[PDB]
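Below: the structure, in structure tokens.
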Amino acid sequence: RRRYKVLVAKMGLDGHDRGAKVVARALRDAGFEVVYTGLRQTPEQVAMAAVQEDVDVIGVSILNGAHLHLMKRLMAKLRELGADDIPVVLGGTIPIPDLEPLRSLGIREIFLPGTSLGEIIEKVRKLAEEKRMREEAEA
């Protein structure tokens, strides 16, 4: 309870991901509780972390890799764990022909290089607010 809680996770190619840290720190400065290891993770590790830390929003940063196959695996494992209501957002350089397929998996927002930090915070806020409302809207 208290502050909205966000998991920020790196997935994909093990290269240098500068973006992910900056998002994590911007979310913290905007008053969210942020889980961020700094380390590349597999889709199952993300999904488990997410449910173990009982987060409000999952933010994934893929600098490069096979976005659709990774996000398909993450989405499946969340669903397995009964956590499919947790909203997931994705950042990276995603080719335009992949944007719709990714949204079809149920990713709520895709943050491209041109998306401002301010926009990120606002959408993550909105999604976490919704997520709590939907939870708290069940007895």
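The chains in the structure tokens are called A, B, ... from first to last as shown; in each chain the residues are counted from 1, and the ligands are counted from 1 in the order shown.
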
**OP:** Find the residues near residue 67 (chain A): any atom within 12 Å, counting only C-alpha atoms, skip ones fewer than 3 places away on the same chain, and give them as a ChimeraX atom specification.
**Re:** /A:10-13,43,60-64,70-75,90-95,97-99,101-103,105,107,110

Original post:
Of the residues A:24, A:89, A:81, A:51, which is the one nearest to residue 124 (chain A), using only C-alpha atoms?
Top reply: A:89

**OP:** Taking the chain letters and numbering used in this document, name the residues of region 18-79 of chain A that DSSP puts in helix (DSSP H, G or I), as a PyMOL selection string.
**Re:** chain A and resi 18-29+43-52+67-79

Please, could you write that set of residues out with C-alpha atoms as a PDB file, in the first residue's frame?
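Wrote it out as selection_24.pdb, contents follow:
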```pdb
ATOM      1  CA  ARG A  18      21.670   3.993 -20.035  1.00  0.00           C
ATOM      2  CA  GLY A  19      17.872   4.641 -20.403  1.00  0.00           C
ATOM      3  CA  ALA A  20      16.716   2.207 -17.721  1.00  0.00           C
ATOM      4  CA  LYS A  21      18.637   3.839 -14.856  1.00  0.00           C
ATOM      5  CA  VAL A  22      17.505   7.259 -15.811  1.00  0.00           C
ATOM      6  CA  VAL A  23      13.861   6.064 -15.797  1.00  0.00           C
ATOM      7  CA  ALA A  24      14.246   4.415 -12.498  1.00  0.00           C
ATOM      8  CA  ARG A  25      15.693   7.516 -10.910  1.00  0.00           C
ATOM      9  CA  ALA A  26      13.043   9.814 -12.510  1.00  0.00           C
ATOM     10  CA  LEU A  27      10.302   7.588 -11.150  1.00  0.00           C
ATOM     11  CA  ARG A  28      11.922   7.770  -7.687  1.00  0.00           C
ATOM     12  CA  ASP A  29      12.222  11.518  -7.824  1.00  0.00           C
ATOM     13  CA  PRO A  43      11.066 -12.755 -18.703  1.00  0.00           C
ATOM     14  CA  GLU A  44      10.343 -15.354 -16.000  1.00  0.00           C
ATOM     15  CA  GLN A  45      12.648 -13.588 -13.496  1.00  0.00           C
ATOM     16  CA  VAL A  46      10.780 -10.312 -14.217  1.00  0.00           C
ATOM     17  CA  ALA A  47       7.414 -11.827 -13.836  1.00  0.00           C
ATOM     18  CA  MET A  48       8.453 -13.510 -10.551  1.00  0.00           C
ATOM     19  CA  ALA A  49      10.039 -10.408  -9.188  1.00  0.00           C
ATOM     20  CA  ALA A  50       6.954  -8.425 -10.098  1.00  0.00           C
ATOM     21  CA  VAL A  51       4.609 -10.733  -8.157  1.00  0.00           C
ATOM     22  CA  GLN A  52       7.052 -11.276  -5.290  1.00  0.00           C
ATOM     23  CA  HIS A  67      10.946  -7.831 -28.377  1.00  0.00           C
ATOM     24  CA  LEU A  68       7.926  -9.839 -29.381  1.00  0.00           C
ATOM     25  CA  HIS A  69       9.239 -13.171 -28.229  1.00  0.00           C
ATOM     26  CA  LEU A  70      10.480 -11.823 -24.890  1.00  0.00           C
ATOM     27  CA  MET A  71       7.323  -9.882 -24.149  1.00  0.00           C
ATOM     28  CA  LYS A  72       5.217 -12.884 -25.227  1.00  0.00           C
ATOM     29  CA  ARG A  73       7.061 -14.991 -22.636  1.00  0.00           C
ATOM     30  CA  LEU A  74       6.677 -12.313 -19.891  1.00  0.00           C
ATOM     31  CA  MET A  75       3.019 -11.872 -20.577  1.00  0.00           C
ATOM     32  CA  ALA A  76       2.508 -15.711 -20.420  1.00  0.00           C
ATOM     33  CA  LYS A  77       4.293 -16.142 -17.122  1.00  0.00           C
ATOM     34  CA  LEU A  78       2.439 -13.209 -15.518  1.00  0.00           C
ATOM     35  CA  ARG A  79      -0.817 -14.965 -16.595  1.00  0.00           C
TER      36      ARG A  79
END
```

Original post:
In region 39-72 of chain A, what's strand (DSSP E) per DSSP? Answer as a VMD selection string?
Top reply: chain A and resid 57 to 62

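With CA of residue 56 (chain A) on one side and CA of residue 128 (chain A) on the other, the separation reads 5.2 Å.
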
**OP:** Rank nothing, just name the residue among A:109, A:14, A:33, A:54 nearest to residue 2 (chain A), using only C-alpha atoms.
**Re:**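 Under the stated criterion, the closest residue is A:33.
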
**OP:** Would you list the contacts of residue 129 (chain A) as a list in words, taking every protein, DNA or RNA residue within 10 Å and counting only C-alpha atoms, but skipping same-chain residues closer than 6 positions in sequence?
**Re:**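 Returned residues: residues 4, 56, 57 and 123 of chain A.
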
**OP:** Have a look at CA of residue 41 (chain A) and CA of residue 132 (chain A) and let me know their distance in Å, one decimal.
**Re:**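 These atoms are spaced 25.8 Å apart.
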
Original post:
So what do you get for CA of residue 85 (chain A) versus CA of residue 133 (chain A), distance-wise?
Top reply: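 These two atoms are separated by 11.4 Å.
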
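With only C-alpha atoms as the basis for measurement, A:8 is the residue among A:127, A:139, A:121, A:8 that approaches residue 59 (chain A) most closely.
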